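1. piece number one of the complex, untouched:
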Amino acid sequence: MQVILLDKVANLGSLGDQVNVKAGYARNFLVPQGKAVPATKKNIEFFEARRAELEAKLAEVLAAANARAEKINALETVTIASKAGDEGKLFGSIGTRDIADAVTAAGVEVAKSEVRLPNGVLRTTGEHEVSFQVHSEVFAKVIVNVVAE
């Protein structure tokens, strides 16, 4: 008696896993109550794909749209000013709520929630590293150029 788990189950749970059990547990509890399904094959060797449609198909080539990675590299230059002045300083600041919306009229657009940056550059003007990573794995790169009004 194998049967595949369907939820909790103490020393043998996986919301979906085949584990050897006693028939005194099935047709008595593990089943009659909705907590398992016999190794009827029709749910294993005929459901393998079904019970594997997030790895063998998704997590491995999942290109649903996670192309927003390096996607940003050849654009209209990610020059994001910040109002400079005062003996060669600046006025405001640049971080996320500016790099993302930058592609406003550009039709496209990036999520300021998807980026990589160790610390936060103080008042300068050098290219920022607001790298726009579409997903943890596949990241990217983004710059900044504090121009002058």
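-> Received it, and whenever you're ready, just let me know what you need. Residues are numbered from 1 along each chain as shown, chains lettered A, B, ... in the order given.
2. list the buried residues in stretch A:36-44.
-> Using 16 or more other C-beta atoms under 10 Å as the burial criterion, the residues of stretch A:36-44 that qualify are A:36, A:37, A:38, A:43, A:44. To be clear about C-beta, it is placed using only N, CA and C from the backbone, and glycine gets the same treatment.
3. want to try JSON lines for those residues, with distance to residue A:135 and secondary structure as columns?
-> Below are the buried residues of stretch A:36-44 laid out as JSON lines (distance: C-beta to C-beta, whole Å; DSSP: H, G, I helix; E, B strand; the rest coil):
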{"residue": "A:36", "distance to residue A:135": "35", "secondary structure": "strand"}
{"residue": "A:37", "distance to residue A:135": "34", "secondary structure": "strand"}
{"residue": "A:38", "distance to residue A:135": "39", "secondary structure": "coil"}
{"residue": "A:43", "distance to residue A:135": "32", "secondary structure": "coil"}
{"residue": "A:44", "distance to residue A:135": "32", "secondary structure": "coil"}
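4. with the structure above as the base, add chain B:
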Amino acid sequence: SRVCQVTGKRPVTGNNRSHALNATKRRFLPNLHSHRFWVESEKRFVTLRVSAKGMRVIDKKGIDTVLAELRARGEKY
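-> If we add chain B to the chains shown above, we get the following:
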């Protein structure tokens, strides 16, 4: 009627034939116990006078698979 109902295992006769080989016409009756099977699909708890091992059948050849038959033969169910 001490019948397996699911496999039909009926009580057969025999001889206890004690040491020295002595005729002792007896009988061997099935295990049987009658259970409360959960058809689930039909949402019913049909109770059948099933016999040991004969149960391993329902738990192997299928519940509603067996319930299918037995019901085709015209048995209670």
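5. by proximity to chain B, which residue of chain A wins?
-> Residue nearest to chain B within chain A: residue A:32 (3.8 Å; C-beta to the nearest C-beta).
6. so how far is residue A:127 from that residue?
-> 66 Å (C-beta to C-beta, to the nearest Å).
7. please apply the same query to residue B:11.
-> 93 Å.
8. these two: which is more packed in?
-> Counted by other C-beta atoms under 10 Å in any protein chain shown, residue B:11 and residue A:127 do not tie: residue A:127 has more neighbours, with 17 against 13.
9. what residues are up against the more buried one?
-> Counting by C-beta atoms under 8 Å, 6 or more residues apart in numbering or on different chains, residue A:127 touches A:143, A:144, A:145.
10. are any of those buried, and which?
-> Buried positions within those, assessed by neighbour count (16 or more other C-beta atoms under 10 Å in any protein chain shown), are A:143, A:144.
11. okay, now RNA strand C:
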RNA sequence: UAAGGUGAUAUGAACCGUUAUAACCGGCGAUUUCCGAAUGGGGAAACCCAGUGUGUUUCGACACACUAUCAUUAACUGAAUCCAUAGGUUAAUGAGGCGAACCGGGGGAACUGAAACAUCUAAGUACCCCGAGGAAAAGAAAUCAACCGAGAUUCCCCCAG
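-> Placed with the earlier chains, RNA strand C looks like this:
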């Protein structure tokens, strides 16, 4: 088919006939009370009581028809419980019981013999029970053979006391 006939102990009576159904022989139908599976209910068999329709009618009471049970199916209903089943109703179709032997199956003696008696025999016999047919069962190799091959089953004669 025919000159004779109305069965017998049975005459008599009273009649039918003699070309062409008078009688009589066969085919087919009609009628076919009451009991009896007996089936509307009940019951000491051949009897007692009822319902729903129908009928006569100067339309009462009483005659007649249908009303068992189970099962398969269809339809309508329909509990605990929303559903849903269970259960109920109806309709149709089938069953029911009787049988001589042979047949398949479920159960299965003892006397007896062994010069006693338990193993063993009697014997899977007697008997009991269910089921089927004019036959039943059996039957197209997970068979045998023995290095050649045979080729489903069933009955007969050998092998062989």
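12. helix/strand/coil for the residue in chain B sticking out farthest from the centre?
-> Of all residues in chain B, residue B:20 has its C-alpha farthest from the mean position, at 34.1 Å, by C-alpha atoms, centre = their mean. What DSSP: H, G, I helix; E, B strand; the rest coil gives for residue B:20 is coil.
13. if I pick it, what's in contact with it?
-> Residue B:20 neighbours (C-beta under 8 Å, 6+ apart): none.
14. gap between it and RNA strand C?
-> 6 Å (C-beta to the nearest atom of the strand, to the nearest Å).
15. which residue does chain A have closest to RNA strand C?
-> Closest approach between chain A and RNA strand C, counting by C-beta to the nearest atom of the strand: residue A:34, at 14.9 Å.
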